[PDB]
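Reading through the structure tokens given below for one structure.
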Amino acid sequence: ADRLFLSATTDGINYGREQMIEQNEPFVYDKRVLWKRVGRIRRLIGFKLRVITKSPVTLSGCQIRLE
Amino acid sequence: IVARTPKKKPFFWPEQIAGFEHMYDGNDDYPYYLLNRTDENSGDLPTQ
Amino acid sequence: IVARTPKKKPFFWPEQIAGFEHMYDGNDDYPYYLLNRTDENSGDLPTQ
Amino acid sequence: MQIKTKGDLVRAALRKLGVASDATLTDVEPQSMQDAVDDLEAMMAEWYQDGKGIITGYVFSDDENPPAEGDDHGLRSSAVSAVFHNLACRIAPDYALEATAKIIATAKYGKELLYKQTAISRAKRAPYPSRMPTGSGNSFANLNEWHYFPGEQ
Amino acid sequence: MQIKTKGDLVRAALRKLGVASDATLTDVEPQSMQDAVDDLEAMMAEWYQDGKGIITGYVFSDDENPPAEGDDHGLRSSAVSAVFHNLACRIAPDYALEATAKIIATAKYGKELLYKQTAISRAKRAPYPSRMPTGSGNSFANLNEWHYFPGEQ
Amino acid sequence: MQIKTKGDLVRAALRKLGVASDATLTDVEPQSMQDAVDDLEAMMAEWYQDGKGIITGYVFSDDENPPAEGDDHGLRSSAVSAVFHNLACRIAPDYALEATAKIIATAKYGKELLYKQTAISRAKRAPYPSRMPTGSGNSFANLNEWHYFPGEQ
Amino acid sequence: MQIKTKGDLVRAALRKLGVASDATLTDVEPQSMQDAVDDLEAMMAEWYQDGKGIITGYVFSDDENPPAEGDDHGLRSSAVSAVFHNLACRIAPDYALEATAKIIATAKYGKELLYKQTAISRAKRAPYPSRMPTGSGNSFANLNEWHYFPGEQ
């Protein structure tokens, strides 16, 4: 059950804290990968999706509820 | 009719007098009667 | 009925008389009775 | 009742809100559980008001036990359906969700039945005033020089 | 109670508003925390009215101790659920946010519960007027030459 | 009645909401059934209020037998049409659905019919007060020196 | 209180309006500070109208000190939460911004709380009229030939 690291930038250069979410399970074919709270954005924000695996990784479609 | 008929007393909700329940017993130690107003889910339904 | 019945006294909210609580005891020292108006969350609900 | 633990209350509230359940594939995140249990403990403190308020079987954690999620609650079987409904109503502003009207109605009903028994039990009539004579029909307290009522004392 | 410090009140208010919590990716800058705790101190100073207004266990910071966030607040466990809800209602104009109706209702309920006990305790009846005779039934104060009531004084 | 077990109640509620039935191609996962039967148990224990509320034939699981979904319920045939309708009305917040107005009206009717018989049976008139003479027309209780009524006691 | 200086009041008002704060990355421009402090001084004169108005501890600058932003104000700790809220309500016309309803409600509450104590202190009853006899029960002012009340004088 490999995990995923995501973080956010406010200035676009250096990143914040890395949150660990599992994105893959050895024999589960249906699961949701999401984070329930991201918080206020002051001026601007950008995300990152570091993954460390030795198994195929597929990601398609990132959506956020802006308000 | 005189014996078994209930007397005259006000109709209160259990939460219109949530507190202040020792004021309506007839002790006659307070200058006025109190009723709470606000509610958690509903806004201010209890009335005077 | 004469003995145990509560007397006649007004119904006040605890915050209609937030202050001014020494005016309603019967001291008879002020020319009028006062009631505060505004509320922090609600606009002006307390009344005369 | 299968809802013995506070974590069961939190999970039921979250499932009612639609945040985390099994009818939706999402799962509970631990920090959400911690925030919700803190909110539950704070809300249950206000209702009690040290007794003067709603009286229900509830044990407040002294924090000697570090994890407050696992410990048991003393809630009787009737108050459970109200406590987690109110908790789910209160948690919704933490996210951007708003509770459905059915949850609000159920919370109202639950609190009303929570307080109705105490309201019945606390409706007592004051004793006779101090200057109330006892009539000549008693014939025993009248012969014992006990003419007048003691009073409210 | 896990909300011992003033900073805990500020963080609870921010979490209730949804701006920031422990599970959020972006966090609030400390100067905003300082502003929020200053606003909390100002709001608590306005309710006390110097002994005349709402009375609750609260200790105002000294200034001899630099950090006003760290020092503990003498709030009793029942007042917490009201204080940070009101703080979250007041902080909303600082950002572009507006408080949800549930938070407003909770703040109303909390302030009502804060003031109800003091309202009960302060409802006292004034003594007899100065020119009010005591009847011939006392038989002791009447025989001690003290025929009339003393007065409000 | 073909609705003997609690699981039958849960499945009837789910069918009424349209989420899942026998003729559907997708079904509900058993953990949601467990959650729904727990919710049904909680709701039914809040109507009983320990013998002081709505009284209907119902047996609570003792938790010694593991599956509370499989065991029988003591509901009479008339109360079934109310219990699962109310259960379906309560379940919809768990999903994203909202109960149709027809289901709400049916639940109202069912609860009213549930409580009407107990309301009839519980409308009793109190005995005569303590200080009430029995007139000279009884001629037997008057001759037995028992002139006054005993009282409510 | 950490809001000792008039500049602190101006900064708090601007932060409440959302013009310049740290929760919004903007910074305060000095001419905005000067305009806001001039408006604050103007507003707090119309309130204490030479004494016959709202009485609060406040020192009006004689302009001997050129920079009026840095000097202290004599506001008591309870009036601060009202003064800067009213200032923030007044400043918004300077820009195209409109104050939020929460700020307006807080300003109303603050002004009412400011004036209630003076209203209590100024509610005095007039003396007896000049042509009012003092009855024969005084027995001392009656013996001192001072039969009638002196009057309002």
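Quick notes on this one:
- Contact map, the stretch D:105-123: first residue facing chain B (nearest Cβ under 7 Å), second residue part of a helix (DSSP H, G or I) and polar (S, T, N, Q), Cβ cut-off under 6 Å, separation 6 or more or different chains; pairs are D:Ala107/D:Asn86.
- Residues of the stretch E:8-19 that turn out to be out of contact with any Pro (no Cβ under 9 Å at 6 or more places or on another chain) and buried (at least 20 other Cβ atoms within 10 Å of the Cβ), as a count: 8
- Any hit, the stretch E:62-85, residues being aromatic (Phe, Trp, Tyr), in contact with a helix residue (DSSP H, G or I) (Cβ under 7 Å, 6 or more places away or on another chain) and either crowded, with 18+ Cβ neighbours inside 10 Å or outside any loop (DSSP other than H, G, I, E, B) (or both): yes
- The residues listed here are D:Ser81, D:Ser77; of these, the one that is polar (S, T, N, Q), touching a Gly at 6+ places or on another chain (Cβ under 7 Å) and more than 22 Å from E:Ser21 (Cβ to Cβ) is D:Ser81.
- Out of G:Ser32, G:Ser61, one residue alone is closer than 30 Å to A:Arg40 by Cβ, hydroxyl-bearing (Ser, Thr, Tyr) and touching a residue at least 12 places away in the same chain (Cβ under 8 Å). It is G:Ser32.
- Matching residues, the stretch G:5-23, being polar (S, T, N, Q) and within 8 Å of chain E (Cβ to nearest Cβ): G:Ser21
- Failed criterion for G:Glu46 (all others in (1) under 25 Å from E:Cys89 (Cα atoms); (2) charged (D, E, K, R); (3) assigned to a loop (DSSP other than H, G, I, E, B) hold): (1)
- Test: residue in the stretch G:37-59 that is over 19 Å from the mean Cα position of the chain (by Cα), surrounded by 10 or more Cβ atoms within 10 Å (Cβ to Cβ) and either farther than 19 Å from E:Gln49 by Cβ or more than 14 Å from chain E (Cβ to nearest Cβ) (or both): no
- Any chance F:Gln31 is in a helix (DSSP H, G or I), among the polar types (S, T, N, Q) and over 27 Å from D:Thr56 (Cα atoms): yes
- Scope the stretch C:10-48; condition within 12 Å of chain E (Cβ to nearest Cβ) and closer than 13 Å to E:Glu112 by Cβ; matching residues: C:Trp13, C:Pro14, C:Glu15, C:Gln16, C:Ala18, C:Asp39, C:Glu40, C:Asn41, C:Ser42, C:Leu45
- Note on the stretch D:117-139: residues that are more than 30 Å from B:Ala18 (Cα to Cα) and part of a loop (DSSP other than H, G, I, E, B) total 8.
- Residues in the stretch F:86-96 include at least one that is without any contact (Cβ under 8 Å) to a residue 40 or more places away in the chain and farther than 15 Å from F:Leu9 by Cα.
Cβ atoms come from the backbone with ideal geometry, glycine included; neighbour counts cover every protein chain shown. Quick note: the coordinates plus some simple rules give every number you see, no bench work behind them.
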